[PDB]
Structures are given as structure tokens and as C-alpha cells.
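Those sequence lines, one after another, are chains A and B. Mapped onto UniProt numbering, the consecutive letters of the first sequence carry residue numbers 72 to 496. Mapped onto UniProt numbering, the consecutive letters of the second sequence carry residue numbers 352 to 370. Yeah, the Cβ is synthetic: ideal placement off N, Cα and C, and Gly gets one too. Here the structure is laid out as C-alpha cells; the discussion comes afterwards.
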Amino acid sequence: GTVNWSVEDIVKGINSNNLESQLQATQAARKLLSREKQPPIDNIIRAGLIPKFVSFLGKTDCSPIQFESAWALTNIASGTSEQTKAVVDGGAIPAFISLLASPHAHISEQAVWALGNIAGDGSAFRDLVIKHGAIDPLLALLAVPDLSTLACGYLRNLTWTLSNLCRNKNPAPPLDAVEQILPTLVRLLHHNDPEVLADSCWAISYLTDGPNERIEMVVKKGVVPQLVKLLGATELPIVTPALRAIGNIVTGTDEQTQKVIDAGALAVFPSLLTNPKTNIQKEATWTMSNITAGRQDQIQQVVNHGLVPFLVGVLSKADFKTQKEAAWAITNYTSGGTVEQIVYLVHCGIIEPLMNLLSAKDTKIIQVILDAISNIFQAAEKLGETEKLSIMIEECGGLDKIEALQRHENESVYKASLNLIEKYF
Amino acid sequence: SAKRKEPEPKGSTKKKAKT
């Protein structure tokens, strides 16, 4: 029927002066563009078909041709930057924005999907979509008393597209676009579908990634408790972006950080820190590191929640990248902690796993660890206990590792490791 | 500020073909 045509046949049909022939030919193009094994996107582009498809977007009298073009353009825009750029150069942005208003939900949804792919290309197209005025009609599609009455695939596409309009960093989206979208995003974050929740968390994660002014506008909407609740979800696709967003927030001010603490976040961390998914452990440990970089009373909350043995555990055994984050969490904690906090850290068993790590071929971890040693010595000094500390480092084999590091081909390692022996060994 | 802000980029699907 319209299955398996050549591109030259599709060209013949689209150039006929017959709307029905054009329709058949567009659907044929769509079915070519819908196969998983190498769809001939470049062949279609090379044939000159994009501008014709874009003009079919405007055929209100022909709803089926509007849909097949939408779908064909969707799949093209789904390709490389060059393929997406061809769609945009065809004038497809305003035309897809106009179709958001279609009375046909399947057509309106296809327009949403296409705009998602265009914004997903990066900063410039995201921003180009926003200048065309996509946001208002996108949001007007979600202006319903209850989200549950929308078709679910449709709601998912809206959510994902809005999330691509929040994404990317150099530059971040316009402040006023972010302000416009946030209220609706807060609503979607309370919706009960897992994909809608996952992609709402992704959007919040994009929006909390950067300067503290951007964190602020999110935290101000009061989403942190709902984030923390999602952080406890059983679905890994929801936990991953909820954790990234929580982690982005605690890179912010002490007050912003305190908000995730007040939300109950640290109660979820015994399991996040022992999560069998190695990426959740990494991210959770990085998160812990920025909380240990907080106030003393924030550090104290890490203590009260029983989290320091979990940090010992991760430093002891974890994929190397997680250990690296753990080393940071310790360096931070020892640099901002009370002496009593640091004594506590040592009582939990930090020394021996910290020393084992000095065998790592990774200049940066070594610096981070020597820094933590020095910080801990500085607390031992204040208590007349450096000798008691030197013995533990000695007994676990830490001196051999510090001694070996003097002749290290790195100016920072040599200085601080000779300095440690000078002062303590 | 001991805060470290620049995580490994991560997201949902960037682009998506229909079927």
C-alpha cells in the first residue's frame, strides 16, 4: 500500500498536483522514517522533502496529511544536529506551534513531540522554540482541573517536552521562561504516573544545576519535600533524577541545603549509600560530600542520622568513583567539623580505609586524602593526641604509603606528604 | 565554599523517534 516505497516514488507523489496522492506519498515517507534499522533521513532531506512536509502542517482541511508530515518531521528532527537543523531551516517551528491548537489530540501531541526533539538538540534551538512562543500553548494543554483525565501518552509527551525546554546550561533557559513553566512543573511532580514523575524530576534537576539564584527559584516553590518523597520511590527511573535534583540543591547555600535536611532527606541515605545500582551510590556519596561541606550543625545531622558508618562503608568498598566522592565527603567533614565530630569520625573507623586508598593511581584522590589526614592531625594536636593518631596510621600501614609519596611526581603530593612526616613521623 | 557544583551531565532522552 504505502509500505516500502522508494524515495523517488515518494517524490513523484508529493509533486503531483493531487492532495490525496500527496497524502499517500507522505505516509509512505513516514513509514520509511519509522523503521529502527537506518531510516533514510538523509535521503529524504537530500530529496528536498522537508519544505513540502512543513507546508502540509498547515493543511487544516487535511487532518491526515498534517499528522503524517508531523510524524515524518518528528523522526527527522529526532536525528543528528544536522538533521534537526534541516527541520528548523524548513520553517517547522512556527508551524508545529500552530498545530498545538489542533482540535485533533493525536495531531497536537505529534507537534508537542516534534518540539521536544527540536528543543532537545541544545540551547540555541531550545531558546528558538521559546522565542517562537511555544510555552504558552504547551502550558494551556495542561490547564485542566485534573491531569488524570488527559490521555496518559499525551501527558507523558507534554511533560518530556517541557523538560527539554528546561534543559541545558550554556546558557541556562531564560529566567522568565523558567518562571512561567515552574508552577505547571510543580503540579506534574504530584501526578501519579511514573514516567511523568521521572521527567518532572529531570526538569527540576536541570533547573537546580547551576548558580544558587536558579536553585532559589525552585526551592521557593516548596518542592523539596515532594523531591524527598520521590527519593524514597521504588522505581529507579524516579530515584535517579530525584537524587540528582536533591544533590544539585545541596551544592547551594547553607539555607538551601538545610531545606533538604528539614525535609527528612537524610533518613533515605542508609539505603541510597548501599544501593546495588552503582550510579545511585556515586550520586548519593557526592550528595553527602556537599552536605558535609555545610555548617557544623548540618554535619551534626549527618552524625545523628547514623551516616558516618555508611561513609566508612563506601570508603572501604565501592566502585572507585564512589570511593573518590567518599574521600571528598571526609575531606569536607574534617575541614568544617568540630574536634568532637572529627574524633567521632575516627572512632567509626575512617583511618584504615583512608590509608588503603593512598595506593590509588589518581593524583586528585591522594591530595584529597592527605588533606583529610592533615585536618585530622590538626584536631589531634588540639587534644595532645597526635602520637595516638600516628600509631594507628603506623599500625594500619599508612606510614609506608605516606613515606612512598614524598618522591611522587607531583608538587602537591610531595610537599604535603613530606610535611606530614616532618610534623608527625 | 567546599561545595562542588559540576556534576556529570545526565538526563532523560534528548531526542526520540516515533516507532
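When secondary structure is reduced to three states using DSSP, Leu429 of chain A falls in the coil class, being assigned neither helix nor strand. In terms of beta-carbon proximity, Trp142 of chain A lines the interface with chain B, with at least one pair separated by less than 7 angstroms.
Rounded to the nearest whole angstrom, the C-alpha separation of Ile275 of chain A and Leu343 of chain A is 20 angstroms. The DSSP-derived three-state label of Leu454 of chain A is coil. As the crow flies, the alpha-carbon of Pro208 of chain A is around 29 angstroms from that of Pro360 of chain B. Under the Cβ criterion of 7 angstroms, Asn188 of chain A is counted among the residues facing chain B. The three-state reading of DSSP puts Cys223 of chain A in helix, counting H, G and I together. Residues of the stretch 252-276 of chain A that bring their beta carbon within less than 8 angstroms of a beta carbon in chain B comprise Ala269, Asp270, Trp273 and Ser276, in sequence order.
Close partners of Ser149 of chain A in chain B (Cβ separation under 7 angstroms): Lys366, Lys367 and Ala368.
Those residues of the stretch 397-408 of chain A placed with their C-beta closer than 9 angstroms to a C-beta in chain B are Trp399, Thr402, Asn403, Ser406 and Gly407, ordered along the chain. For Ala487 of chain A, not one C-beta of chain B is nearer than 7 angstroms to its own C-beta. By the Cβ test, the stretch 164-176 of chain A is in contact with the stretch 129-141 of chain A, since at least three Cβ pairs between them sit closer than 8 angstroms. Annotated three-state conformation of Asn146 of chain A is helix, per DSSP. Taking 7 angstroms as the cut-off, the Cβ atoms of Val414 of chain A and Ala397 of chain A do not count as close. In the structure shown, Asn88 of chain A adopts coil according to DSSP, grouped into three states. Contacts between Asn361 of chain A and chain B, judged by CB atoms closer than 7 angstroms, involve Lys354 and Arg355 in chain order. With distances taken between CA atoms, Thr328 of chain A lies nearest to A:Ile370 out of A:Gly224, A:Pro341, A:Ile370 and A:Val310. Legend: CB atoms of the stretch 176-200 of chain A lying less than 8 angstroms from CB atoms of chain B belong to residues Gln181, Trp184, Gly187, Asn188, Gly191 and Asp192. Look at the UniProt repeat "ARM 6" (283-322) of chain A and you find no whole run of beta strand (DSSP E) that is 3 residues long or longer. Contacts with chain B at 7 angstroms (Cβ-Cβ) include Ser105 of chain A. Using beta-carbon distances, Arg366 of chain A does not count as an interface residue toward chain B, since no partner is under 7 angstroms. Counting only runs of 4 or more residues that sit fully inside the stretch 237-280 of chain A, the alpha helix (DSSP H) segments are 246-259 and 265-278, in chain order. Sixteen is the threshold: since fewer than 16 other Cβ atoms of the shown chains lie within 10 Å of the Cβ of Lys83 of chain A, the residue is exposed.
By the CB criterion at 7 angstroms, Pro122 of chain A and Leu94 of chain A fall outside the cutoff.
Inter-residue distance for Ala313 of chain A and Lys472 of chain A is about 39 angstroms (C-alpha atoms, whole angstroms). Here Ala211 of chain A is exposed. Its C-beta has fewer than 16 other C-beta atoms within 10 Å. In the three-state DSSP reduction, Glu326 of chain A falls in the helix class (H, G or I). Between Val379 of chain A and the set A:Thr155, A:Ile422 and A:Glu91, the nearest pair of CA atoms involves A:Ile422. Assigned with DSSP and collapsed to three states, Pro174 of chain A falls in coil, not helix or strand. Note on geometry: alpha-carbon atoms of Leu470 of chain A and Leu476 of chain A lie some 10 angstroms from one another.
In this chain, the alpha helix (DSSP H) harbouring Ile206 of chain A covers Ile206 to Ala211. Chain B has a Cβ within less than 7 angstroms of the Cβ of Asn146 of chain A. Taking 4 residues as the shortest admissible run, the stretch 101-163 of chain A contains the following complete alpha helix (DSSP H) segments, listed from N- to C-terminal end: 112-117, 121-127, 134-148 and 152-160. Around the C-beta of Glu354 of chain A, 16 or more other C-beta atoms lie within 10 Å, and the residue is accordingly described as buried. Within its own chain, the residues whose Cβ lies closer than 7 angstroms to the Cβ of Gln297 of chain A, once the five positions on either side in sequence are excluded, are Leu260 and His261, listed in chain order.
Of all residues in the stretch 308-319 of chain A, those with a C-beta nearer than 8 angstroms to a C-beta of chain B are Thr311, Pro312, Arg315, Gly318 and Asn319, reading in chain order.
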